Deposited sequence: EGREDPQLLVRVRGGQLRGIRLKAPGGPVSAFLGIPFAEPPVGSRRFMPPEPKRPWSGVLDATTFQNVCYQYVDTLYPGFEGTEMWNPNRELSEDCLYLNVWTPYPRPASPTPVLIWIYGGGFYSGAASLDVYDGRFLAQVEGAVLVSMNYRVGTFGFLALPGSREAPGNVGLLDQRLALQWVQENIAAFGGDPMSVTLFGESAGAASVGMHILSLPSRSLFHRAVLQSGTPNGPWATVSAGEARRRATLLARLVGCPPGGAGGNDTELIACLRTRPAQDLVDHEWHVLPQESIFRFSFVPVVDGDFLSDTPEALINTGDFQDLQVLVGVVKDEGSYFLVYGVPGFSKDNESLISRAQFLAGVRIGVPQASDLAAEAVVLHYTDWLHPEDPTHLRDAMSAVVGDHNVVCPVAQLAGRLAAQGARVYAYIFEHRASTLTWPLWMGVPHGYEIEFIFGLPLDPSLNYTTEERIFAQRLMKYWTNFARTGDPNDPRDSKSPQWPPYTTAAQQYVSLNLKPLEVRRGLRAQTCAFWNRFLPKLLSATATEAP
């Protein structure tokens, strides 16, 4: 060193790092990108739980985002920003277990509360390096310490032969957990407070956060959790051990393959062979269903998340949870006939019934009849616009809104302090059609404060709105409460309770308190459907 910038050299358990001074709108931030955190889970290590990064010598350069975990790359709409923005933006590799830290510049004087972001992408895609996960705005404007990590997705992260030694399952969750430990051990070197760690995540990121809550060894690694548009409970976020074994041995067959020999063979396949077949192992034609997800192994997850949230004590827990206005619309273009981004997607009643068998793949004929009956508007049963929106609502309600509603309810009933929102603002810069409303994933760019970036063409009220969201999120990280102690009456954001079931609306207008999270309809999905399904 010597001519280097003195505010960018930091030491962590594995060695010395050199970070980078980054420009944010209102001033500079410190960034430490591509910090190892684990031994490259390649070769004989594929499908295996991660081992801690062996210490290096010299100064590790931490000025750029590292590899993105090997994954399927989306090409439904080549060149279209709306899809490309979620695509990998660094080389795909199995050597991908790296994490990133953003902090104020110079780094904080006192210990600062830490936010840990866990990306979503259905457990088959994702990266902590995407522009919408840029932690520099939260670091500069809120003085937060923001951390985000890569974890293995798809087969690499979730293929399981439960019981086995060489593919125990859930290793992607283990990847996340090791980064949590890493933060405990090392974040003090950046001015972070290991005693104020808040998890937040979206979609499969939210379901991930949720599983850390329900898994003892993770519980000591963080203090508060934010779950955006996802839950550990619900139809897509986990598979039984039987079903995971089924999918693993089927995929093994499709690529050309006693657990040990099976896995040993899989370990000799190019990573792209695994990706090319991972979608061919699903039981039914489906949307919002992913081949390789967290498995109920009786280990990381001691029981189903349903059983765990039903019988757990969450006195210690403060949680923020929410959903967007149109959770389901995004997935319709990815496998429901009639639906496209290039037209208004007005569908027929026939395409609706067909769409329901796809979005509720596990339903008997009677179950599918119930759904179609519930969602049909009997004043206008054949109206193409209503059917289009009912289809979107079916998918949204079954997968997110009702699992979220049920999650808030059980956690509040059992000690947790829970805050709940519905995010209702459609970004002015959105490239998906209007019929999709506010799709899944589109609050993220507001929470991370992207609209503060002059060159982004957000409106001024969008910029002010982003500052509010950043405030709510960072206050909650700081205190377990979204509300500003200073700022009095905006109005206040009330905890969610079984009694009153209040949540707030997040949009350009001020906080408005509403009651009941699709209460009537969630009773269908959460109380009736299960019983109907178990009697058919």
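**Q** Give me the ranges of the deposited sequence that have no CA atoms here, in sequence order.
**A** Sequence ranges with no C-alpha atoms are 258-264, 544-548.
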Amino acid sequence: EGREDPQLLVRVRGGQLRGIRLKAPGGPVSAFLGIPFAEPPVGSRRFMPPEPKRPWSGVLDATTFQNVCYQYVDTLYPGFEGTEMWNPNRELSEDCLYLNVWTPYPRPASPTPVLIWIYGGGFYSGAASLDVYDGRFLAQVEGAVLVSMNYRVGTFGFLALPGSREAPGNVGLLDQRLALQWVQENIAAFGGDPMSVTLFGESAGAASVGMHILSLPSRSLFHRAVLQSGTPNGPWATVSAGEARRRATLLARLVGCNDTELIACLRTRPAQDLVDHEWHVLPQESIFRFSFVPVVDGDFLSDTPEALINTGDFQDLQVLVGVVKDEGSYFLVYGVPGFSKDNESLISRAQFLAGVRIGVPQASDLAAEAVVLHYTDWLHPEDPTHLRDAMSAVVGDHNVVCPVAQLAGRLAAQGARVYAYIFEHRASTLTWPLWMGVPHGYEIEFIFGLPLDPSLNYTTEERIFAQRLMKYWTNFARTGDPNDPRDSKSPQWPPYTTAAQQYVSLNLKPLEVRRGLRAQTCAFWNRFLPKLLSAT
From here on, numbers count along this sequence of modelled residues.
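**Q** Of the two stretches 485-493 and 468-476, which shows the higher Cα B-factor on average in the entry?
**A** Of 468-476 and 485-493, the stretch with the higher C-alpha B-factor average is 485-493.
**Q** Comparing 457-465 with 240-248, which has the greater mean CA B-factor as deposited?
**A** Comparing averages over the C-alpha atoms only gives 457-465.
**Q** Out of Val209, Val293, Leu99, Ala109, which residue has the highest Cα temperature factor in the PDB record?
**A** So the option with the highest C-alpha B-factor is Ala109.
**Q** Choose from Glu443, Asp297, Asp397, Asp131 the residue with the greatest Cα B-factor as stated in the PDB record.
**A** Largest recorded C-alpha B-factor: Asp297.
**Q** What third of its chain, lowest, middle or highest, does the C-alpha temperature factor of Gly15 fall into?
**A** Middle third, going by the recorded CA B-factors of the chain.
**Q** Using the temperature factors of the C-alpha atoms in this entry, rank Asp193 within its chain: lowest, middle or highest third.
**A** As the PDB entry reports it, the C-alpha B-factor of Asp193 lands in the middle third of its chain.
**Q** Against its chain's modelled residues, does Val59's Cα B factor rank lowest, middle or highest third?
**A** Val59: CA B-factor falls in the highest third of its chain.
**Q** In terms of the chain's CA B-factor thirds, is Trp117 lowest, middle or highest?
**A** Answer is lowest: the recorded C-alpha B-factor places it there.
**Q** By the record's CA B-factor, is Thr498 among the lowest, middle or highest third of residues in the chain?
**A** As the PDB entry reports it, the C-alpha B-factor of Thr498 lands in the highest third of its chain.
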